[PDB]
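The chain below stands alone and is given as structure tokens, in the form deposited in one PDB entry.
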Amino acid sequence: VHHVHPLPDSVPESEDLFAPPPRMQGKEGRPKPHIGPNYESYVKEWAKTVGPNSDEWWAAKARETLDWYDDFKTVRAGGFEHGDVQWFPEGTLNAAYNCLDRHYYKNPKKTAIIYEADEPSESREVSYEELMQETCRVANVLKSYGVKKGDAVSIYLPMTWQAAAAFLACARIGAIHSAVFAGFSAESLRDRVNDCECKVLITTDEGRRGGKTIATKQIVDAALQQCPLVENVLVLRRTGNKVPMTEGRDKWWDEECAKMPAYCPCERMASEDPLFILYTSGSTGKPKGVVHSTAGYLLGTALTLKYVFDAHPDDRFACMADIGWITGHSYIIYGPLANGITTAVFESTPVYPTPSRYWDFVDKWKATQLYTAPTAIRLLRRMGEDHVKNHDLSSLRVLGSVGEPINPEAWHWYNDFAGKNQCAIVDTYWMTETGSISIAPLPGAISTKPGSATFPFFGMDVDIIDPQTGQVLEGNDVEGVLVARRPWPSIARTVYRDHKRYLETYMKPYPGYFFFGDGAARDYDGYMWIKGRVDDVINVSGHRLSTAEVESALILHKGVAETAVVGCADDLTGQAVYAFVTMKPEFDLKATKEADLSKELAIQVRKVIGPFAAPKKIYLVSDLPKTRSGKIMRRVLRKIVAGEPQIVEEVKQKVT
């Protein structure tokens, strides 16, 4: 008799609640959790971070977490309506000083970065001394190019450890870095280079990902022909293969840095000075250049890492994402290094050289936390349990998931093999615009449900609004759109040179609130469930269906690897459901007739969700359209099913 149901799972609801395991109880010599041991301990602290008397907690956390050059006087000001959000405005600091120097001064030999190379034998540890010295050399090179405080600098680097040095070198001198996924086309790179109006670009000669070569310098050359403002290009010699170099414009990273000293002073940045620009992926439309300031963002990534992953000084955090993504910004570089711990820069893929790469990595360095996306979790689950069953992995305590709703079926595989039912699973929900994790379980306090992000993080006061009325739905067992009531420190301050798009997208749909764009429900116990994008909702005869419902129901069928449902106009039901299903490679499509597989899928969905939710048509594909981030581009499939990289050719053909 609950209007809000959990995501479909093979495990019954009465046996599907997972309390913090002994590794997250301070047992076996593991570190004691910062928040624990139950839900009330989370609320007792969270209540200090929201409301009209939360300034005391935030002012204390800001001064305790970051090193300041000048103290602040005001804690917060501004709001959503005009986009004038301010946090600690009178304070001065530097991100590079907090992520490097202050930890170098205490323990220079401590490992800052575990550089897991594409080839495993080429991996090595990078100390804080080496990362700070290389950062200061690059900062000295940029200053010799005439880069000033507030100038934009484009970054087009793959997942090599020097990418963090390029990030922090810009932050050290007050330049706004704008990282772009290594592998984006010359057209995509050009649009982001021209939009930020940078005069300097940093890239490599070539990149190496999963035994493949990214011709980064060749792509830069093609883009820069239509980028008339770039005057200086710094090229890192990653592979050593012959690439074109333009005289005067292009210089070698190693030859420039060798001329510069190994220390560079820190520019004293105001709290609201812009730290970086990051362009979104654009799963729903044209990407926007999200701008984050300094103090609020840095404090948010520092606190979230410490509490969402229960990080302790000697931990080795392993976020396997790419720094072209906000996950890499906040939980590879800024978050982990601000806390002064060891972070991982993973250059390869989850299946190179073999699908055991994640776990050969975990046992080699004894990683204490793992952070990845559901697309990689569903990829390793598809390759069999024989790449995971015979590893140790006991060094881990917390496993993370970010980017999309994680199906309970994929949640359990993560829980059973990567954690061996001894790790806590943090389903972390947030956006590029939020800066830091918005809704996630605190691993030493929250009992988890497969597919639920649980409860909002410190400083986040979220509510559910009925989109039909624009009113907040009070209580539990409610469903609607997710919004936030007040600003938080790490919130995006603007969209670069397009503040109107920033207010129209996030601040004007529901005035007084921040609009995430996601559908959400709060069950009877108060747990939040992110149902999917509001744009991706399908309305069949007045039944509003989310993507996470049907896809989680479809994956409950044997052999199903990954699915994606989109809507299309129907004359009887208003909209009809179309399913794109990917089976495991070992599945026999000849012994099992396809028409009977579709019928079994339609009954599997009807038995878990309802009669209305059965897909009207089901297409079998080899893969789905996905961004470099890993998100499924359901907007593309919807247009194909309506008539309007290489996987798009297989989808358009099979749709006719």
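Numbers for residues come from their place in the sequence shown, where the first is 1. The term rigid core refers to the maximal set of C-alpha atoms that superpose within 1.5 Å between the two forms.
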>> Counting only other entries that model residues on either side, is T505 absent from the coordinates in at least a third?
In response: no
> Quick one: across the other PDB entries of this protein we compared, is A591 left without coordinates in at least a third of them?
Replying inline: yes
>> What does the record say about the segment between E644 and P645: how many deposited residues are without coordinates (none, 1 to 3, 4 to 9, 10 or more)?
In response: 10 or more
> Going by the B-factors listed in the PDB entry, is the mean over the C-alpha atoms higher for 255-263 or for 387-395?
Replying inline: 387-395
> Comparing 206-214 with 300-308, where is the mean C-alpha B-factor higher?
Replying inline: 206-214
> Looking at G146, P228, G78, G285, which has the highest CA B-factor as recorded?
Replying inline: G285
>> Given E45, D70, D596, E56, identify the residue with the highest C-alpha B factor in the PDB entry.
In response: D596
> Is the Cα B-factor recorded for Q604 in the lowest, middle or highest third of its chain?
Replying inline: highest
>> Going by the CA temperature factor in the PDB record, which third of the chain does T65 belong to: lowest, middle or highest?
In response: lowest
> Once the chain's modelled residues are ordered by C-alpha B factor and cut into thirds, is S41 in the lowest, middle or highest one?
Replying inline: middle
> Within this chain, which third does the Cα B-factor at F417 fall in: lowest, middle or highest?
Replying inline: highest
> Lowest, middle or highest third: where is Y115 by C-alpha B factor in its chain?
Replying inline: middle
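What follows is about the form deposited in another entry, which we do not show.
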> After superposing on the rigid core, which residue among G567, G328, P274, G207 shows a C-alpha displacement of 2 Å or more between this form and the one not shown?
Replying inline: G567
> Does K626 move its CA by 2 angstroms or more between this form and the one not shown when the core is aligned?
Replying inline: yes
> Does the C-alpha of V636 move 2 Å or more between this form and the one not shown once the rigid core is lined up?
Replying inline: yes
> If we fit on the core, is the Cα of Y297 displaced 2 Å or more between this form and the one not shown?
Replying inline: no
> Your call: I202 and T627 CA atoms, closer or farther in the other entry versus the shown structure, by 3 Å or more?
Replying inline: farther
>> Flagged pair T547/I530: C-alpha distance shifts by 3 angstroms or more in the other entry. Which direction, closer or farther?
In response: farther
